[PDB]
Amino acid sequence: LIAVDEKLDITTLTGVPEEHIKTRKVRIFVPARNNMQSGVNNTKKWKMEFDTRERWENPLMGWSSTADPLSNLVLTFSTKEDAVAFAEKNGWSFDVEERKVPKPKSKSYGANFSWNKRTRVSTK
Amino acid sequence: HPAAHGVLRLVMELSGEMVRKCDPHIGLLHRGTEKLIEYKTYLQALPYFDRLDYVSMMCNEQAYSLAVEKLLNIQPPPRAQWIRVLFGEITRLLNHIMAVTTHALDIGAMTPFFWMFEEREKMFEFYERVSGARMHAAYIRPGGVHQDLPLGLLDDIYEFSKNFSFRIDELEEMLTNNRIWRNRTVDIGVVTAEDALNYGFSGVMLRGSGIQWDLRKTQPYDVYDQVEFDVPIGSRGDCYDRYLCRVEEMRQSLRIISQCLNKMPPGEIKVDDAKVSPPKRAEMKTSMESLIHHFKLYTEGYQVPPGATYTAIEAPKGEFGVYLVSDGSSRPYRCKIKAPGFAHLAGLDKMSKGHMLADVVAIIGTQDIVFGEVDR
Amino acid sequence: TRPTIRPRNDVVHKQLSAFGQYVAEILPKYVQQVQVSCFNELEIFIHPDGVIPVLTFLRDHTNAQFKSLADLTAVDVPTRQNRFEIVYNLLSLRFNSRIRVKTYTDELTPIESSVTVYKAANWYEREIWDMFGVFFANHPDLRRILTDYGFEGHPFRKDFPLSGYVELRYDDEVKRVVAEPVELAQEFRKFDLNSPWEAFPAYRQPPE
Amino acid sequence: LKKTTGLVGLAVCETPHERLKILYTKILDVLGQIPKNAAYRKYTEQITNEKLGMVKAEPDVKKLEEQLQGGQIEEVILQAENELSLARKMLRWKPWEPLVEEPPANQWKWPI
Amino acid sequence: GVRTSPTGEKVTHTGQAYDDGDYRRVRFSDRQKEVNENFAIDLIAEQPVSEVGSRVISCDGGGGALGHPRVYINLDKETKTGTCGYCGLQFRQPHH
Amino acid sequence: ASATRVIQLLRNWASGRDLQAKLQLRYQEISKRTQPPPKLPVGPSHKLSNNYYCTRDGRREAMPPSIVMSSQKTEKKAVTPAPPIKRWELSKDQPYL
Amino acid sequence: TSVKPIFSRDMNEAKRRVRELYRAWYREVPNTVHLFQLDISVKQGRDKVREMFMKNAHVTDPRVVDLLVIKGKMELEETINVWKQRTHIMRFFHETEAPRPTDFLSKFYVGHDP
Amino acid sequence: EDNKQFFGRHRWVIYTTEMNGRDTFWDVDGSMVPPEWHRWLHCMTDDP
Amino acid sequence: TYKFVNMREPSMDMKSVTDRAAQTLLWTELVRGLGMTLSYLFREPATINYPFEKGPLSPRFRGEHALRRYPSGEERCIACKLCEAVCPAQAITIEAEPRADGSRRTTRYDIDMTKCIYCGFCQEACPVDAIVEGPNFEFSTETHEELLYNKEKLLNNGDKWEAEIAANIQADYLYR
Amino acid sequence: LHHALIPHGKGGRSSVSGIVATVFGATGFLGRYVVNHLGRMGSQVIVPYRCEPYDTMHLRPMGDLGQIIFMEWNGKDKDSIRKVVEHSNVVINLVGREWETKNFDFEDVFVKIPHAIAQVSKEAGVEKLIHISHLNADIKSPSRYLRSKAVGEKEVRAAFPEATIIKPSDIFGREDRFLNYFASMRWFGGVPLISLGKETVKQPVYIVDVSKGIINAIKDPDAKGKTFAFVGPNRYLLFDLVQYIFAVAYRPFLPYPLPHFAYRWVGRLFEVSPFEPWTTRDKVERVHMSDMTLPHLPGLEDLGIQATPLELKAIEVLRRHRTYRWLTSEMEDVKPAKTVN
Ligand SMILES: CCCCCCCCCCCCCCCCCC(=O)OC[C@H](COP(=O)([O-])OCC[N+](C)(C)C)OC(=O)CCCCCCCCCCCCCCCCC
Ligand SMILES: CCCCCCCC/C=C\CCCCCCCC(=O)O[C@H](COC(=O)CCCCCCC/C=C/CCCCCCCC)COP(=O)(O)OCCN
Ligand SMILES: NC(=O)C1=CN([C@@H]2O[C@H](COP(=O)(O)OP(=O)(O)OC[C@H]3O[C@@H](n4cnc5c(N)ncnc54)[C@H](OP(=O)(O)O)[C@@H]3O)[C@@H](O)[C@H]2O)C=CC1
Ligand SMILES: CN(C)C(=N)NC(=N)N
Ligand code: SF4
Ligand code: SF4
Ligand SMILES: [Zn+2]
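Those protein sequences? They're chains A, B, C, D, E, F, G, H, I and J, same order as listed. So in our numbering, the last one in the first sequence is 204, and the numbering has no gaps at all. So in our numbering, the last one in the second sequence is 382, and the numbering has no gaps at all. So in our numbering, the last one in the third sequence is 212, and the numbering has no gaps at all. So in our numbering, the last one in the fourth sequence is 273, and the numbering has no gaps at all. So in our numbering, the last one in the fifth sequence is 114, and the numbering has no gaps at all. So in our numbering, the last one in the sixth sequence is 109, and the numbering has no gaps at all. So in our numbering, the last one in the seventh sequence is 122, and the numbering has no gaps at all. So in our numbering, the last one in the eighth sequence is 215, and the numbering has no gaps at all. So in our numbering, the last one in the ninth sequence is 456, and the numbering has no gaps at all. So in our numbering, the last one in the tenth sequence is 354, and the numbering has no gaps at all.
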């Protein structure tokens with residue numbers, strides 16, 4: 081076994097083009113809960129995604145064109161540290177967003193019928 | 007090249023016409039099927055399995071369906087299983103006709119190609135009647151089969167199966183005892199049993215080498231434990247013995263087809279679980295639960311419990327396997343496809359040792375490689 | 005009865021568990037874990053440098069005659085330190101059984117080639133190298149098998165785009181096929197399908 | 162006595178009992194060089210003594226193949242040779258030692 | 019009910035018509051523009067309004083399992099007809 | 013089929029079989045292209061009672077694999093992955109071709 | 009830490025392997041130009057070999073250098089065996105790609121790319 | 168129609184010599200058949 | 281059970297040896313193969329007289345696509361995008377908006393017939409039987425652009441093929 | 014700008030360059046190169062053709078779906094000219110022939126057709142016109158070809174005052190006449206040269222440089238009403254140039270003098286061909302004529318193009334003319350010819 085003290089760097093081995101290594105900033109984040117639903121199962125894992133590039137309209141058929149290979153590329157990580165290590169070894173720039181969790185709340189059904197407080201509801 | 011099946015680049019070193027080495031170059035039909043399957047859902051990835059070995063299509067579909075059902079922990083109904091076995095044997099007949107006649111065409115005979123391809127045309131008519139597609143049916147699905155048989159299909163399959171042994175007999179009249187065919191095929195591409203096992207051969211390769219192994223008998227799936235058939239075993243381990251094994255497998259497939267026709271049961275054809283298999287159109291247009299489940303199944307799909315499985319079946323070309331990895335989502339995390347012809351083509355160089363150019367053509371034919379499944 | 009539920013085989017489950025304990029006892033140096041999935045599949049997780057000893061044992065031992073290599077593949081999990089997971093599927097004809105052996109590695113760590121144990125490992129490891137970038141140490145002929153000549157990158161890695169980076173066309177000025185950066189007339193439309201509600205409680209992870 | 166084994170490249174052995182006795186004795190001799198507490202040694206010694214006792218008690222070849230349940234006597238001889246080679250390699254590898262190294266914290270966690 | 023743009027180009031049922039200065043009209047030169055003549059909006063307006071003497075009616079589009087999912091329409095608002103929104107069919111209660 | 017008696021005899025003699033018994037061209041022996049309407053069955057879960065999905069839920073009975081042994085965590089007889097495969101019996105229908 | 013060495017235990021052995029591969033690639037350019045019937049000069053081929061070697065000059069990991077020389081050897085053997093075609097050899101030169109602007113003002117005029 | 172012929176050859180069409188505005192005396196397509204006779208000719212039904 | 285495909289040994293009686301010697305010197309099996317080919321020569325060919333004769337097809341056949349209408353003439357498609365979701369090949373492009381009468385109707389409905397794999401999932405997933413895969417299979421073109429259908433082309437296909445499409449759906453809708 | 018003419022993309026096959034160009038004479042040498050460059054950058058190209066559509070098939074792969082459009086036109090038909098230039102903002106004129114057929118003369122192909130194209134384009138509202146002339150376009154030239162070029166250049170300038178008139182010297186490429194005309198003379202024994210080719214100086218230009226300059230003239234906003242001269246870097250005597258051509262082709266070069274009247278008679282003999290003639294009297298005159306020097310006119314450097322020397326691209330054209338003995342010889346195996354600079 082040999083001892084080498086370097087930061088891991090595999091950009092020369094991944095085969096990505098230089099522009100797509102150097103001009104790309106990924107976003108490491110936990111997805112925000114879709115406000116149209118009350119489920120919280122899509123807010124468990126961290127995601128890594130790239131910055132949006134240009135999309136234009138095809139002259140024929142009017143479809144949506146692109147020239148960005150990394151437009152649909154989304155990676156799933158279990159931890160912020162794992163995502164950051166992956167981004168660092170692949171050489172991309174990255175912006176990390178701290179996870180937002182709902183704060184604990186005090187819910188009381190009996191509060192709907194307060195004798196002197198404004199929490200008394202006018203209808204059920 | 008006519009004998010290269012279209013997308014094989016065989017870089018050969020020849021001393022005169024003697025082959026010094028075979029260096030197969032594949033990837034000329036590599037598409038990225040596994041990456042695409044990662045991007046699709048479980049229903050959307052089924053035609054990919056239709057198009058891998060495009061001669062045993064319902065067989066590839068059946069392997070994929072068995073894998074997904076194993077991970078889902080469900081069970082197809084008996085009528086669905088019997089339809090699956092019947093069409094797997096029909097598909098085996100299609101594949102063996104193709105293999106034997108294309109092998110003979112590479113050797114130099116063409117009339118058996120034409121006769122047995124008329125038979126292939128009739129079996130294509132059966133495929134088109136059940137599915138609407140002549141070859142890429144997408145009929146066998148996780149949970150059973152897509153639709154039920156029309157009301158004359160069993161009678162027509164009976165007529166075909168009744169008249170097919172004579173076609174096999176006529177094919178054998180031109181090749182089996184022909185001295186030119188025997189000179190071309192006898193003691194060509196001999197492979198020992200230990201070498202076959204180490205190189206990873208499966209199916210008629212092993213059985214020509216003399217190994218008594220068949221997945222339909224040893225590790226049965228669907229209703230293969232309720233049918234009677236024999237497993238042909240070769241002795242010399244060469245092209246002639248593998249040809250005999252394939253012809254006798256055609257006859258045993260006729261046996262299994264007769265038993266399936268007689269033992270076809272009544273009932274539904276897909277699992278009665280609307281969270282996995284779609285409801286009927288009338289129920290969808292009448293029931294709220296059925297409409298919801300139709301919507302969700304055809305937009306998102308069903309979630310498969312996390313886990314990895316390797317399921318193999320005895321496809322006409324050998325053991326065809328799927329290693330499927332699910333992460334609990336509606337899209338497969340990983341899907342490795344193990345094609346029988348990959349290992350056989352890997353072993354082509356050893357088999358063609360000490361032979362000539364025409365012998366190498368014969369050895370390619372006896373290995374019976376489809377590069378759709380070799381490359382994926 | 006339960007017509008729509010797959011029946012289980014506790015006898016085979018017990019046999020596989022017993023053999024897993026057997027192997028784990030015989031090879032303490034390398035075997036890290038043994039599992040039996042509930043559809044009766046035995047899985048042995050070993051240290052990456054016990055590949056040759058464990059495979060040779062599973063091939064040559066009298067009570068484990070796994071003479072056939074059904075498959076050899078890898079799985080890419082970017083969230084792990086050792087992202088690549090090498091999977092060996094073995095078949096025992098003598099005992100009519102199948103086993104799985106799992107190993108881990110990363111980009112820069114080689115795995116010993118098993119062509120000295122199974123001959124199918126040759127093309128299987130060539131494909132693993134070509135598609136994932138895993139290097140196999142003592143391989144007779146390690147080169148690309150499926151990708152185009154001069155293709156850069158390993159397409160089966162999770163961080164590789166689906167359509168790649170370059171595409172081919174014929175250029176009349178130079179009278180040859182050329183490679184130019186990829187550019188799609190209609191971009192692949194990425195669908196978000198996952199439901200925000202939990203499907204299987206039995207696999208629920210601790211909140212941590 | 163039999164014309165063929167039915168397997169390509171596997172030849173009929175004229176003296177199966179003597180060859181099996183030689184191979185099993187050699188296997189047991191190689192196993193004596195392995196540590197006594199090794200789980201490998203106890204198991205394969207047990208099965209070798211079990212097989213060696215049958216070859217010394219049944220002089221009929223068909224009955225011996227029936228008792229061994231190893232297929233054919235040539236397959237049994239080939240498997241004995243494979244076991245001997247494995248015993249030598251295991252003596253070289255020494256797999257009875259404690260675990261080389263534990264995996265990272267979450268190396269087998271799934272799904273993830 | 020097809021209509022013609024000021025440039026002579028037919029207007030589709032979605033209102034599509036290339037501008038006068040749009041270069042993309044060159045593709046139709048020495049060729050034609052594919053336009054379907056029947057307009058579904060016009061045909062469904064031509065359909066008459068059915069009158070039924072119940073507060074709630076059901077429409078499946080006709081044909082049963084060959085139509086659309088069966089839906090129920092509430093005919094209580096007297097200032098408008100209840101429209102089946104799968105097939106665009108109008109229903110009403112007998113007034114006066 | 014439509015053939016002269018001479019031609020049929022010559023065909024039979026040349027091939028050594030009775031071709032008229034097994035013909036490869038289909039003459040009115042196949043099913044009609046128009047069939048009566050079907051009425052397919054429903055299935056086992058189409059009852060109005062005693063039919064709760066939790067009692068017939070295959071996917072929810074899937075479990076994570078059982079950990080037989082983990083490093084992290086008498087004379088035993090040696091075992092095998094399964095009982096040895098039985099020797100195959102030669103076919104009674106036609107043992108040899 | 010104590011990582012497994014693939015081929016080289018130190019950066020000097022990796023440099024030695026790089027030099028050997030450079031000699032091999034340098035001595036094969038005349039044969040490649042002759043066999044593939046390329047219209048480029050031998051000097052152009054050697055300049056391309058140097059340029060391809062020199063874009064990895066920032067690497068300081070012996071394992072990455074070992075992998076780079078392994079891949080270079082593989083693509084040298086693809087050229088020698090004429091497995092590659094003239095298409096790939098000329099793909100090394102990008103003779104059909106338009107000159108991409110590199111200054112801020114030109115990029116600003118062309119479009120939205122950074 | 169001729170039911171005495173084998174299946175596939177028991178129904179056939181003689182194309183017109185002038186369809187729409189094309190002189191179809193020699194150049195005859197398989198797409199000249201209107202859909203109802205298309206169904207009858209391809210044998211999706213037994214009723215003309 | 282199993283059987284041996286080649287495990288028989290020839291009889292060594294003088295009659296059998298002479299018969300084999302005659303077969304070697306007088307090419308008996310070769311003449312037998314000649315007889316088989318001659319028998320096929322005097323059989324009837326299996327060739328149909330295309331394009332005047334067509335091969336058999338079924339109501340389930342999947343050919344060219346079509347967008348259907350209700351008997352009133354109203355389009356069946358309600359722009360629900362289930363076909364776009366289920367399409368394996370991503371060959372359908374759909375864009376919708378409220379119509380002038382407030383209907384949920386499509387403004388764009390494209391199918392790339394060079395991307396379509398003719399699998400029939402779109403007509404399984406359609407809840408209103410709008411998109412169907414009709415019986416037409418002879419629609420080869422001379423340019424690539426002619427194979428990129430749009431809403432006008434698909435509605436024209438439905439109007440042209442509606443009779444046969446209706447008949448096939450009537451014949452096969454009880455199996456669905 | 015119209016919203017559909019705004020550039021979008023990265024200048025690739027599936028991008029939008031905002032160029033709608035009608036390329037007359039695209040079914041030829043310079044035409045195929047110009048169409049390739051336009052479609053490569055991702056433009057809309059209209060190809061008017063009078064030939065059999067089979068001869069336009071090599072232009073089909075040059076652009077993405079719908080970007081190449083083929084329309085049938087007649088040279089003497091202003092209605093067809095309007096039909097093809099109606100929707101385009103660039104019109105490129107590459108129509109010309111090196112011989113006179115029964116129906117079209119040098120006056121027809123070089124004066125009448127260019128004037129009609131320029132006049133119809135101005136009526137139709139076409140923003141840019143590019144017109145290809147010849148470098149030696151002299152009204153007093155011995156060659157009827159070049160006299161027609163001069164007259165047509167004047168007519169085009171009058172009809173479309175905002176034109177870009179480009180004057181290439183002698184384009185050489187794979188499908189050219191120049192190098193193939195000189196290299197195909199090996200069949201007729203020796204090489205006949207007027208004054209032994211010692212009184213002729215030529216600087217040929219490369220086809221890719223010509224097409225790149227044509228493309229850059231479209232994109233240049235300050236080349237609207239201008240005249241350019243497209244010439245190569247090096248001037249050669251005709252004897253040295255032909256000797257180098259034969260050296261690169263590895264053919265035995267046996268030049269002999271031929272008097273001008275005899276060469277004219279030979280050229281008259283070859284122009285009775287109903288098909289494409291091998292050589293003509295005007296071709297002989299143009300070959301003998303030295304290339305003019307026009308230092309006042311702008312050039313490839315002014316359009317941003319570095320002219321490619323003949324010594325770098327001659328082996329592309331002349332390797333086809335080698336024998337099997339010499340096919341594999343490399344580019345640097347032949348010493349460059351002496352230049353006259
Ligand atoms: C060599 C054989 C001699 C015996 C011949 C016996 C009769 C042969 C009968 C079969 C004819 C085969 C040809 C069929 C096609 C008909 C068209 C055809 O032939 O076209 C030919 C060529 C056709 O040219 P092409 O090469 O463009 O033709 C290609 C074919 N097309 C275009 C038809 C598709 O026609 C001509 O050359 C005629 C035009 C006038 C040419 C004047 C040439 C002058 C003489 C040549 C030498 C001059 C230098 C001498 C130097 C020394 C002087 C002292
Ligand atoms: C009174 C005393 C008279 C003395 C004379 C006695 C002679 C009569 C008896 C002997 C005659 C023997 C016949 C001679 C021909 C035999 C040729 C032969 O050698 O047979 C075959 C060789 O022949 C062939 O194999 C033929 C292959 C090609 C066949 C393809 C076409 C043949 C089919 C068409 C039939 C031909 C009909 C001929 C008609 C002629 C009309 C003019 C043996 O080769 P193998 O089986 O491979 O084994 C040898 C080593 N173990
Ligand atoms: N290449 C050179 O050496 C030089 C050329 N030029 C000029 O550049 C232009 C292009 O040159 P080049 O590529 O070599 O020429 P080509 O002969 O190869 O191509 C000429 C083009 O014009 C078309 N054409 C010719 N006559 C007519 C006509 N009467 N009506 C309609 N179309 C016609 C031809 O079409 P079709 O095949 O359908 O008949 C073809 O597309 C010409 O104007 C030429 O004079 C200037 C300097 C040097
Ligand atoms: C090209 N394909 C599919 C073949 N089967 N080819 C062949 N030569 N047998
Ligand atoms: S048939 Fe299949 S591939 Fe074609 S449009 Fe329908 S769903 Fe998509
Ligand atoms: S599934 Fe049917 S109704 Fe829904 S968008 Fe598609 S064609 Fe329209
Ligand atoms: Zn309705």
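Each residue gets a CB set at the ideal place from its N, CA and C atoms; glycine is no exception.
Query - the stretch 172-188 of chain J in contact with the stretch 239-254 of chain J per 3-pair CB rule at 8 angstroms - result: Touching, yes.
Query - First through last residue of the alpha helix (DSSP H) which encompasses B/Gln373 - result: Per DSSP, the unbroken alpha helix (DSSP H) holding B/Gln373 starts and ends at 363-373.
Requested in this report: Can you tell me which of the three DSSP states C/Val35 falls into?
Outcome: Secondary structure at C/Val35: strand, using DSSP grouped into helix, strand and coil.
Query raised in the report: To the nearest whole angstrom, what separates the beta carbons of C/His143 and C/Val121, a pair I think is in contact under 8 angstroms?
Result: By a beta-carbon distance limit of 8 angstroms, C/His143 does not contact C/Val121. Their separation comes to about 13 angstroms.
**Report entry** Rounded distance between the beta-carbons of B/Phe326 and residue 2 of chain B, thought under 8 angstroms
**Finding:** The requested residue 2 of chain B does not occur in the structure, where chain B is confined to residues 7 to 382.
Query raised in the report: Any contact of the stretch 237-253 of chain B with the stretch 180-197 of chain B, i.e. 3+ C-beta pairs under 8 angstroms?
Result: A contact exists between the stretch 237-253 of chain B and the stretch 180-197 of chain B.
Report task. Please go through the same chain and pick out, in chain order, the residues whose beta-carbon is closer than 6 angstroms to the beta-carbon of I/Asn430, but skip the five residues on each side of it. Result -> Once the five neighbours on either side are set aside, the close Cβ partners of I/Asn430 are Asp390.
Requested in this report: Give a yes or no on whether 7 angstroms exceeds the smallest Cβ distance from E/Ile91 to chain I.
Outcome: Chain I contact via Cβ: absent.
Report task. Can you give me the start and stop residues for the alpha helix (DSSP H) that I/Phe419 sits inside? Result -> From DSSP, I/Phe419 is part of no alpha helix (DSSP H); its letter is neither H nor E.
Query raised in the report: Is there contact between the stretch 240-258 of chain D and the stretch 49-68 of chain C, where contact requires at least three CB pairs shorter than 8 angstroms?
Result: The stretch 240-258 of chain D makes contact with the stretch 49-68 of chain C, as at least three CB pairs between them are under 8 angstroms.
Query - Of the residues A/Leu81, A/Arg104, A/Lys204, A/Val84, the one placed nearest A/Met128, counting alpha carbons only - result: Taking only the C-alpha atoms, the option nearest A/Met128 is A/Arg104.
Query raised in the report: Can you tell me the Cα-Cα spacing of A/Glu178 and C/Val40, whole angstroms?
Result: Rounded to whole angstroms, A/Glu178 to C/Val40 spans 38 angstroms at the Cα level.
Query raised in the report: Of all the options I/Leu454, I/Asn437, I/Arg456, which has the alpha carbon lying nearest to the alpha carbon of H/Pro201?
Result: Per the Cα distances, I/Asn437.
Requested in this report: Below 7 angstroms between beta carbons is the criterion; list the residues of the stretch 362-394 of chain I that meet it against any residue of chain A, in chain order.
Outcome: Taking 7 angstroms as the Cβ-Cβ cut-off against chain A, the residues of the stretch 362-394 of chain I that qualify are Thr373, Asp390.
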